[PDB]
Amino acid sequence: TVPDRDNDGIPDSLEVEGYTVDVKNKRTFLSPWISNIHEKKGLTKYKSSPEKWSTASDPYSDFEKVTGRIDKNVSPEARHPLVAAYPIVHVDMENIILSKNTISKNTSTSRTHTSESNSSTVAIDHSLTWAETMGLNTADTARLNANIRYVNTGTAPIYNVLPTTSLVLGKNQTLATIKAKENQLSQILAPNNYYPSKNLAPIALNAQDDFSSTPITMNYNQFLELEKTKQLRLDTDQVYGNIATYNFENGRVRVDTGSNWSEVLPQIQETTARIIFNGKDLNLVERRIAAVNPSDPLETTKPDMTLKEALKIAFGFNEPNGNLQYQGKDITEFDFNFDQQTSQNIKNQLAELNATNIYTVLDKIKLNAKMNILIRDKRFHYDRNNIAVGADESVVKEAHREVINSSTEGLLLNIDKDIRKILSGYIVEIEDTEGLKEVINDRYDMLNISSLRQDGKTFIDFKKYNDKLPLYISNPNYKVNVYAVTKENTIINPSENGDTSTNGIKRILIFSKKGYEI
Amino acid sequence: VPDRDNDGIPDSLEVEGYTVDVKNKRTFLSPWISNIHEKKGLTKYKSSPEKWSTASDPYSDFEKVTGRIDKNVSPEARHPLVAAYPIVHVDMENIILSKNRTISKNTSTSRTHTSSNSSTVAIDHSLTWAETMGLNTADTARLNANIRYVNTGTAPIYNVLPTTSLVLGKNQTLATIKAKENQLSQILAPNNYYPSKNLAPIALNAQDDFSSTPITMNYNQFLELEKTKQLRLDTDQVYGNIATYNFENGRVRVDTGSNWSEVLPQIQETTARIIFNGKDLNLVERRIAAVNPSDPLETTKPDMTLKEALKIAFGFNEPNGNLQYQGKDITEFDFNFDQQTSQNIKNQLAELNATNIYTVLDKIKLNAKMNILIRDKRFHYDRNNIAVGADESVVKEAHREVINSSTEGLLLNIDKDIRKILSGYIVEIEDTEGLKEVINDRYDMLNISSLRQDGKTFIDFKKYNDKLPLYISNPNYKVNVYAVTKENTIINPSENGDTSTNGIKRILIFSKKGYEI
Ligand SMILES: [Ca+2]
Ligand SMILES: [Ca+2]
Ligand SMILES: [Ca+2]
Ligand SMILES: [Ca+2]
């Protein structure tokens, strides 16, 4: 006799008005919101669409979510019916091995995003000719082998199936594509996880795998483009598999063949506001929240969502002092970016709000469906793929204030883990009492001089590239300078005319002490 | 309560007028109330009480207006009188040529429509082809291009992908691309590209779908191609199965019972078709449910006037009771009809005793199978109804916004859509008496206008100079910039051996003295 239009578990009125799940005597109770009681217990005030089995358009009912009768791998924040539960899989390549039909360097992959499937970008180690180390003429062709592992940075787990990925050497130069492995992993890939696990062995990338008798080649021009722009791109799709559903009778999560991720994903993308936020580790985290779509009755059945409330339920912002903030960071320490559509909309709101600064009317900005929003730490500069590649000199400098130990063999400093993410290496030089300068590790591939102690502190080794001897300063009246190189300022390859000196580098003074001071 | 077509909405509501409205937070299918629904900015819906889908498409009248539908269906197809279906054509980004010393040029494609979906690519003419490749009378060139699929319709295709053949000349077919079956686990929604514009395109290698035989091209053929520098891409309508809405949990699952190849024919026989190039200058095709007198079941559909169609199919509105599209009055557009449709409207214009269709617009009845072509009057078009040029005044006005000018070039703010009928610019310097020294004086040295990431056009002088700024012997010498419309651009050397820009139709776009810059 109770109204349950969408036929989940929650009665209409409850969803529209506000509700919450509460355990009393070891038993759960789906109660309506009661400020007296539920506010003190610190439960969450949920609210969903009485006409949508899943407000977020995902394979989990608003009931299964809030109630916990769901696959335990669905991310916490996505237990809220306004937060979408779907997977986000991209490929992480750890290192490459090059050779002619040899060399090997480490590679850092980071997930990317541009204003327009999940794509990741690989950065190959430029520090310590490639063409020489291998013996390459304009007639030879190089082969490619790399180690990779799939990464789920979403809010839902995938099971039976694994995505298709392609390795791209430019704008479209596809070197090899990894087939959509049918069911070669009954093992699960859950949110914030690597397959294969970190403690296990990586996946070997050896050939465009439709016929294992054909390696990944790369003619001399291709190879050179790779050397020129030490970087590959991994474009992964959304060919995830079946969804694991909860059986109300025995509570078993089994991989249902009826529910498939490709039946759902399209709907999610069309009825949610996408927000990407790099507050945790400068990594781009993407979340989707359910927003009203004015021209859609069914989507107007969804609760009204404000930008401020989205940030709280999606990424974890809170107001300890009435002031909104992440982890000790006021919302002002971040930067909002929108596509044209959202841009105009937000502007039209700020218009009808008579407000000039969006940071004040944050709880008054309405999120619609299909909105794309980008929040990123205001301290850093960002590239094409929205990756932290630098910062202001006042920032980078300040990041090296704590000088633990000064030595003629190196420096021991305590550096923010945030800042050290944007540094490419260090440059050491000697400055005579009057004018004379002279770089020691004077190579683009020899900035590789900083080691990270597992006790938080960073160590800068001077004598690394200086023939294993400390600084022989025959005159204790000179200066010892240590500059820093940001990813954006760094050179990864000799210029047009094979120049390999720091002479052409933008550096930031970090440490400048005379000889009698060390 | 009657409901013959059995689609949730009752007979009377559909016949007389209804609207879906959200109350507290629930959808209510309400009978249209003149006063209280109008103020709320709601739309007055009508449909056929005897058609589960008035438009004949695979979505019920009820599903459409209630929002209980694959959210990938176009908004205007949310209205029961606007057909929801896919429109797939192939767009080629660039090709490269060689012999079984390789010319790699960029291409531009436009979906065409003359009196199955088809497009037309144009190969870049800007820097001999037959000589750059040592091609002999008994040689053969191989074709290698990059393409993606475009959905310009109002509904998504899912599993399947259309058969499509590349063609040189009138019927010289160089290659045909298979109709991949269920290999496409991705989605092609309306107004989208496949694959996305941040993933590599699709490769055009083999001439057939199985044999590893490259796309070949004999000598005479390669010449023909060099002479016209354009190819045709014909695509069929073999789309996949259809995504259906499950009321039980709201899941959109691809139904293997319902297939677009069973629906399209119906839509095509029960709708009036309107092509309108207003938005972006491209050919946008829409279908509206129109009455078919000979057909009872079809007479069951709401009467449709031309004026109303434009309102619900494209976005036309009446600010001052005057029909218009985003500022441009309805009078600024062409009306073209196939011989059938023409006669019909000529009749109605007699029974109304009017000679100007622009007046009696709201009294013009649309029937099923009508074909209408509405294009912006300001632009010049070709045989395929593609925007190929403009009136000088329009072209000039589009450049009248100079953000900056110097000796290196111009930084203008040109309409991103207008700049689709300009192949390039001719730069020249003028003597105080009248000498004319053209800087980039070659037919294939016109591509000096790039586009910045902030959407501002920049014309580069240093490009086809000596990579040096523009030097002027006298601050009184005028600096001229001309625009070259597609219709007026040359893609090959002239009769003699002339590659100069002398006989090119140029529109003046800039002309400030040396000291006025
Ligand atoms: Ca319910
Ligand atoms: Ca619900
Ligand atoms: Ca009915
Ligand atoms: Ca009906």
# chains A, B, ... in the order shown; residues from 1 in each chain; ligands from 1
call {"tool": "residues_around", "arguments": {"residues": "residue 146 in chain B", "least_positions_apart": "5", "cutoff": "6 Å", "atoms": "only C-alpha atoms", "output": "list in words"}}
result
residues 92, 93, 94, 201, 202, 203 and 204 of chain B
call {"tool": "select_by_dssp", "arguments": {"residues": "range 69-236 of chain A", "states": "helix (DSSP H, G or I)", "output": "list in words"}}
result
residues 76, 77, 78, 79, 130, 131, 132, 133, 134, 220, 221, 222, 223, 224, 225, 226, 227 and 228 of chain A
call {"tool": "interface_residues", "arguments": {"of": "chain B", "to": "chain A", "cutoff": "8 Å", "atoms": "only C-alpha atoms", "output": "CSV table (one decimal) with N, CA and C atoms, in the first residue's frame"}}
result
chain,number,residue,atom,x,y,z
B,20,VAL,N,3.7,16.7,-20.2
B,20,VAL,CA,4.3,16.1,-19.0
B,20,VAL,C,4.9,17.2,-18.2
B,21,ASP,N,4.5,17.2,-16.9
B,21,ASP,CA,5.0,18.2,-15.9
B,21,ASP,C,5.4,17.5,-14.7
B,22,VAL,N,6.4,18.1,-14.0
B,22,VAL,CA,6.9,17.5,-12.7
B,22,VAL,C,6.4,18.3,-11.6
B,24,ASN,N,5.7,17.9,-7.2
B,24,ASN,CA,6.7,17.9,-6.2
B,24,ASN,C,8.0,17.4,-6.6
B,25,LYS,N,8.0,16.1,-7.1
B,25,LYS,CA,9.2,15.5,-7.8
B,25,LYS,C,8.8,14.4,-8.6
B,26,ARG,N,7.5,14.4,-9.1
B,26,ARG,CA,6.9,13.3,-9.8
B,26,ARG,C,6.4,13.8,-11.1
B,27,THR,N,6.5,13.0,-12.1
B,27,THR,CA,6.0,13.4,-13.5
B,27,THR,C,4.5,13.1,-13.6
B,65,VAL,N,7.9,11.7,-24.4
B,65,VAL,CA,7.5,12.9,-23.6
B,65,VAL,C,7.7,12.7,-22.1
B,66,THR,N,7.7,11.5,-21.6
B,66,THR,CA,7.9,11.2,-20.2
B,66,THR,C,9.3,11.1,-19.8
B,67,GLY,N,10.2,11.0,-20.8
B,67,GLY,CA,11.6,10.9,-20.5
B,67,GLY,C,12.1,9.5,-20.2
B,68,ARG,N,11.1,8.5,-20.3
B,68,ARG,CA,11.5,7.1,-20.1
B,68,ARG,C,12.0,6.5,-21.4
B,70,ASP,N,15.9,5.8,-23.9
B,70,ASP,CA,17.4,5.9,-24.1
B,70,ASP,C,17.8,7.4,-24.1
B,71,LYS,N,18.5,7.9,-23.1
B,71,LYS,CA,18.8,9.3,-22.9
B,71,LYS,C,19.7,9.8,-24.1
B,72,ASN,N,20.1,8.9,-25.0
B,72,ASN,CA,20.9,9.3,-26.1
B,72,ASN,C,20.1,9.7,-27.3
B,75,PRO,N,17.0,15.5,-28.2
B,75,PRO,CA,16.0,16.3,-27.5
B,75,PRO,C,14.8,16.5,-28.3
B,185,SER,N,31.6,-2.5,-29.9
B,185,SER,CA,31.0,-2.5,-28.5
B,185,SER,C,30.9,-1.0,-28.0
B,186,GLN,N,31.3,-0.1,-28.8
B,186,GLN,CA,31.1,1.3,-28.4
B,186,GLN,C,29.8,1.9,-29.0
B,187,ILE,N,29.5,3.2,-28.8
B,187,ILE,CA,28.3,3.7,-29.2
B,187,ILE,C,28.5,4.9,-30.1
B,197,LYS,N,37.1,12.3,-31.1
B,197,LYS,CA,38.1,13.2,-31.6
B,197,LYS,C,39.2,13.4,-30.5
B,198,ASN,N,39.8,12.2,-30.1
B,198,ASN,CA,40.9,12.2,-29.1
B,198,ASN,C,41.3,10.8,-29.1
B,199,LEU,N,40.8,10.0,-30.0
B,199,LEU,CA,41.3,8.7,-30.3
B,199,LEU,C,41.7,8.6,-31.8
B,200,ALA,N,42.7,7.8,-32.1
B,200,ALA,CA,43.1,7.6,-33.5
B,200,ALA,C,41.9,7.3,-34.4
B,201,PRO,N,41.9,7.8,-35.6
B,201,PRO,CA,40.8,7.5,-36.6
B,201,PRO,C,40.8,6.1,-37.0
B,248,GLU,N,10.9,-1.7,-15.8
B,248,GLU,CA,11.1,-2.5,-14.5
B,248,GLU,C,12.2,-1.9,-13.6
B,249,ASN,N,13.3,-1.6,-14.2
B,249,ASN,CA,14.4,-1.0,-13.5
B,249,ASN,C,15.0,0.2,-14.2
B,250,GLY,N,14.5,0.5,-15.3
B,250,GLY,CA,14.9,1.7,-16.1
B,250,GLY,C,16.2,1.4,-16.9
B,251,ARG,N,16.5,0.1,-17.2
B,251,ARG,CA,17.7,-0.2,-17.9
B,251,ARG,C,17.5,-0.1,-19.4
B,252,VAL,N,18.5,0.5,-20.1
B,252,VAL,CA,18.5,0.6,-21.5
B,252,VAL,C,19.3,-0.5,-22.1
B,253,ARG,N,18.7,-1.5,-22.6
B,253,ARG,CA,19.3,-2.7,-23.1
B,253,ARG,C,19.1,-2.9,-24.6
B,254,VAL,N,20.1,-3.2,-25.4
B,254,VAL,CA,20.0,-3.4,-26.8
B,254,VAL,C,19.1,-4.6,-27.2
call {"tool": "closest_residue", "arguments": {"among": "B:144, B:269, B:298, B:285", "to": "ligand 4", "atoms": "only C-alpha atoms and all ligand atoms"}}
result
B:298
call {"tool": "residues_around", "arguments": {"residues": "residue 247 in chain A", "least_positions_apart": "2", "cutoff": "12 Å", "atoms": "only C-alpha atoms", "output": "list in words"}}
result
residues 64, 69, 70, 71, 244, 245, 249, 250, 251, 252, 253, 254, 255 and 256 of chain A
call {"tool": "residues_around", "arguments": {"residues": "residue 202 in chain A", "least_positions_apart": "4", "cutoff": "7 Å", "atoms": "only C-alpha atoms", "output": "list in words"}}
result
residues 147, 148, 149 and 196 of chain A
call {"tool": "select_by_dssp", "arguments": {"residues": "range 39-172 of chain B", "states": "strand (DSSP E)", "output": "PyMOL selection string"}}
result
chain B and resi 88-99+103-112+117-123+140-151+164-168+172
call {"tool": "write_last_selection", "arguments": {"atoms": "N, CA and C atoms", "output": "compact mmCIF listing (two decimals), in the first residue's frame"}}
result
# COMPACT_ATOMS: atom_id res chain seq x y z
N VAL B 88 24.01 8.24 -40.53
CA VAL B 88 25.45 7.99 -40.55
C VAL B 88 26.10 8.23 -41.91
N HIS B 89 27.12 9.07 -41.92
CA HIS B 89 27.95 9.29 -43.10
C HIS B 89 29.42 9.21 -42.70
N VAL B 90 30.31 9.08 -43.68
CA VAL B 90 31.73 8.92 -43.39
C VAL B 90 32.54 10.19 -43.68
N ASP B 91 33.37 10.58 -42.72
CA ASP B 91 34.19 11.79 -42.84
C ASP B 91 35.68 11.46 -42.87
N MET B 92 36.34 11.87 -43.95
CA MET B 92 37.74 11.56 -44.17
C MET B 92 38.63 12.73 -43.78
N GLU B 93 39.59 12.48 -42.89
CA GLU B 93 40.42 13.54 -42.35
C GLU B 93 41.63 13.85 -43.24
N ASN B 94 42.28 12.80 -43.73
CA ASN B 94 43.45 12.96 -44.58
C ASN B 94 43.86 11.67 -45.27
N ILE B 95 44.51 11.81 -46.42
CA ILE B 95 44.98 10.66 -47.17
C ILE B 95 46.45 10.80 -47.51
N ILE B 96 47.02 9.73 -48.05
CA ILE B 96 48.39 9.74 -48.51
C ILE B 96 48.50 8.84 -49.74
N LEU B 97 49.37 9.21 -50.67
CA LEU B 97 49.47 8.51 -51.94
C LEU B 97 50.89 8.04 -52.25
N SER B 98 51.00 6.93 -52.97
CA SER B 98 52.29 6.33 -53.29
C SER B 98 52.14 5.31 -54.41
N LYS B 99 53.23 4.65 -54.78
CA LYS B 99 53.19 3.60 -55.79
C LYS B 99 53.53 2.23 -55.19
N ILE B 103 52.86 11.83 -51.45
CA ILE B 103 52.09 13.04 -51.20
C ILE B 103 51.07 12.84 -50.09
N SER B 104 51.30 13.52 -48.97
CA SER B 104 50.41 13.40 -47.82
C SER B 104 49.67 14.72 -47.58
N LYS B 105 48.42 14.77 -48.02
CA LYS B 105 47.61 15.98 -47.88
C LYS B 105 46.42 15.79 -46.95
N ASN B 106 45.94 16.90 -46.39
CA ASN B 106 44.76 16.89 -45.53
C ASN B 106 43.47 16.97 -46.34
N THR B 107 42.38 16.44 -45.78
CA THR B 107 41.09 16.46 -46.47
C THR B 107 39.96 17.04 -45.64
N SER B 108 38.94 17.55 -46.32
CA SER B 108 37.73 18.04 -45.67
C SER B 108 36.50 17.40 -46.29
N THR B 109 35.59 16.93 -45.45
CA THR B 109 34.38 16.27 -45.92
C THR B 109 33.13 17.00 -45.49
N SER B 110 32.11 16.97 -46.34
CA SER B 110 30.81 17.54 -46.02
C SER B 110 29.71 16.57 -46.44
N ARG B 111 28.74 16.33 -45.56
CA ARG B 111 27.62 15.46 -45.90
C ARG B 111 26.80 16.18 -46.95
N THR B 112 26.48 15.48 -48.03
CA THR B 112 25.79 16.12 -49.15
C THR B 112 24.35 15.67 -49.27
N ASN B 117 22.79 7.79 -47.19
CA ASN B 117 23.64 8.92 -46.82
C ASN B 117 24.95 8.96 -47.60
N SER B 118 25.38 10.16 -47.97
CA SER B 118 26.60 10.30 -48.74
C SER B 118 27.35 11.60 -48.45
N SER B 119 28.67 11.55 -48.60
CA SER B 119 29.50 12.72 -48.38
C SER B 119 30.46 12.97 -49.53
N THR B 120 31.28 13.99 -49.38
CA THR B 120 32.23 14.39 -50.40
C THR B 120 33.45 15.02 -49.76
N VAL B 121 34.62 14.44 -50.00
CA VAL B 121 35.86 14.96 -49.44
C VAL B 121 36.58 15.84 -50.44
N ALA B 122 37.38 16.77 -49.93
CA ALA B 122 38.20 17.61 -50.78
C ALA B 122 39.64 17.57 -50.28
N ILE B 123 40.55 17.19 -51.17
CA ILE B 123 41.96 17.06 -50.81
C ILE B 123 42.68 18.40 -50.90
N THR B 140 50.84 1.83 -60.83
CA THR B 140 49.61 1.92 -60.05
C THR B 140 49.86 2.54 -58.68
N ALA B 141 49.03 3.51 -58.32
CA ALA B 141 49.16 4.19 -57.04
C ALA B 141 48.25 3.55 -55.99
N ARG B 142 48.70 3.56 -54.74
CA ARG B 142 47.93 2.98 -53.65
C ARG B 142 47.36 4.06 -52.74
N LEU B 143 46.14 3.83 -52.27
CA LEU B 143 45.42 4.80 -51.47
C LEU B 143 45.39 4.38 -50.01
N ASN B 144 45.62 5.35 -49.13
CA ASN B 144 45.69 5.08 -47.70
C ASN B 144 45.18 6.29 -46.93
N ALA B 145 43.95 6.20 -46.42
CA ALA B 145 43.30 7.35 -45.79
C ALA B 145 42.85 7.10 -44.36
N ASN B 146 42.52 8.17 -43.65
CA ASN B 146 41.93 8.07 -42.32
C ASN B 146 40.51 8.62 -42.28
N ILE B 147 39.59 7.81 -41.79
CA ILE B 147 38.19 8.22 -41.73
C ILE B 147 37.60 7.97 -40.35
N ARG B 148 36.52 8.69 -40.05
CA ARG B 148 35.65 8.38 -38.91
C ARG B 148 34.18 8.51 -39.31
N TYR B 149 33.31 7.83 -38.56
CA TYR B 149 31.88 7.88 -38.83
C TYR B 149 31.19 8.99 -38.04
N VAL B 150 30.23 9.65 -38.67
CA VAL B 150 29.51 10.74 -38.02
C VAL B 150 28.01 10.48 -37.98
N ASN B 151 27.42 10.64 -36.80
CA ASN B 151 25.98 10.50 -36.65
C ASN B 151 25.32 11.86 -36.57
N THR B 164 30.02 1.04 -46.54
CA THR B 164 30.38 2.31 -47.14
C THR B 164 31.49 2.17 -48.17
N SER B 165 31.26 2.70 -49.37
CA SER B 165 32.22 2.58 -50.46
C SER B 165 32.79 3.92 -50.94
N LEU B 166 34.12 3.96 -51.06
CA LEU B 166 34.83 5.11 -51.60
C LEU B 166 34.72 5.10 -53.12
N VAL B 167 34.46 6.26 -53.72
CA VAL B 167 34.29 6.31 -55.17
C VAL B 167 34.99 7.50 -55.84
N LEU B 168 35.76 7.21 -56.88
CA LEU B 168 36.37 8.24 -57.71
C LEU B 168 35.50 8.47 -58.95
N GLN B 172 33.45 5.25 -60.57
CA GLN B 172 34.69 4.51 -60.37
C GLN B 172 34.92 4.24 -58.88
call {"tool": "residues_around", "arguments": {"residues": "range 37-47 of chain A", "least_positions_apart": "2", "cutoff": "9 Å", "atoms": "only C-alpha atoms", "output": "list in words"}}
result
residues 14, 15, 16, 17, 18, 19, 20, 21, 22, 32, 33, 34, 35, 49, 66, 80, 81, 82, 302 and 303 of chain A
call {"tool": "closest_atom_pairs", "arguments": {"of": "chain B", "to": "ligand 4", "cutoff": "9 Å", "atoms": "only C-alpha atoms and all ligand atoms", "output": "tab-separated table"}}
result
residue	atom	partner	partner_atom_place_in_ligand_line	distance
B:3	CA	ligand 4	1 (Ca)	8.1
B:4	CA	ligand 4	1 (Ca)	8.1
B:5	CA	ligand 4	1 (Ca)	5.6
B:6	CA	ligand 4	1 (Ca)	7.3
B:7	CA	ligand 4	1 (Ca)	5.7
B:8	CA	ligand 4	1 (Ca)	8.1
B:9	CA	ligand 4	1 (Ca)	6.8
B:10	CA	ligand 4	1 (Ca)	8.2
B:11	CA	ligand 4	1 (Ca)	7.8
B:14	CA	ligand 4	1 (Ca)	6.7
B:46	CA	ligand 4	1 (Ca)	8.7
B:47	CA	ligand 4	1 (Ca)	5.6
B:48	CA	ligand 4	1 (Ca)	4.6
B:49	CA	ligand 4	1 (Ca)	4.5
B:50	CA	ligand 4	1 (Ca)	5.7
B:51	CA	ligand 4	1 (Ca)	4.4
B:52	CA	ligand 4	1 (Ca)	4.4
B:53	CA	ligand 4	1 (Ca)	5.7
B:54	CA	ligand 4	1 (Ca)	5.8
B:60	CA	ligand 4	1 (Ca)	6.9
B:61	CA	ligand 4	1 (Ca)	5.1
B:62	CA	ligand 4	1 (Ca)	7.1
B:80	CA	ligand 4	1 (Ca)	8.1
B:301	CA	ligand 4	1 (Ca)	8.7
call {"tool": "residues_around", "arguments": {"residues": "range 496-502 of chain B", "least_positions_apart": "5", "cutoff": "10 Å", "atoms": "only C-alpha atoms", "output": "CSV table (one decimal) with N, CA, C and O atoms, in the first residue's frame"}}
result
chain,number,residue,atom,x,y,z
B,426,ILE,N,45.2,35.8,-50.1
B,426,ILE,CA,46.2,36.4,-50.9
B,426,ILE,C,46.7,37.7,-50.3
B,426,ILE,O,45.9,38.6,-50.1
B,438,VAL,N,52.2,40.8,-55.2
B,438,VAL,CA,51.6,39.8,-54.5
B,438,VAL,C,52.7,38.9,-53.8
B,438,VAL,O,53.5,38.2,-54.5
B,439,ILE,N,52.6,38.8,-52.5
B,439,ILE,CA,53.6,38.1,-51.7
B,439,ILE,C,53.6,36.6,-51.9
B,439,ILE,O,54.5,36.0,-52.4
B,440,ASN,N,52.5,35.9,-51.5
B,440,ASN,CA,52.3,34.5,-51.8
B,440,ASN,C,51.6,34.3,-53.1
B,440,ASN,O,50.4,33.9,-53.2
B,441,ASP,N,52.3,34.5,-54.2
B,441,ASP,CA,51.8,34.5,-55.5
B,441,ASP,C,51.7,33.2,-56.2
B,441,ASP,O,52.1,33.0,-57.4
B,442,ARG,N,51.2,32.2,-55.5
B,442,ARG,CA,50.9,30.9,-56.1
B,442,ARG,C,49.6,30.3,-55.7
B,442,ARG,O,49.2,30.4,-54.5
B,443,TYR,N,48.9,29.6,-56.6
B,443,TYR,CA,47.6,29.0,-56.4
B,443,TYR,C,47.6,28.1,-55.1
B,443,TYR,O,46.6,28.0,-54.5
B,444,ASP,N,48.8,27.5,-54.9
B,444,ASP,CA,48.9,26.5,-53.8
B,444,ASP,C,49.7,27.1,-52.6
B,444,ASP,O,50.3,26.3,-51.9
B,445,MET,N,49.7,28.4,-52.4
B,445,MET,CA,50.3,29.0,-51.3
B,445,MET,C,49.4,30.0,-50.6
B,445,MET,O,49.8,31.1,-50.2
B,446,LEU,N,48.1,29.5,-50.5
B,446,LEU,CA,47.1,30.3,-49.9
B,446,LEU,C,46.8,30.0,-48.4
B,446,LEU,O,46.2,30.8,-47.7
B,489,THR,N,38.6,29.1,-55.9
B,489,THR,CA,40.0,28.6,-55.7
B,489,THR,C,40.4,27.7,-56.8
B,489,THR,O,39.6,26.9,-57.3
B,490,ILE,N,41.7,27.8,-57.2
B,490,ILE,CA,42.2,26.9,-58.3
B,490,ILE,C,43.1,25.8,-57.6
B,490,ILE,O,43.8,26.1,-56.7
B,491,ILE,N,42.9,24.6,-58.1
B,491,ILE,CA,43.7,23.5,-57.5
B,491,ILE,C,44.7,22.9,-58.5
B,491,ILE,O,45.4,22.0,-58.1
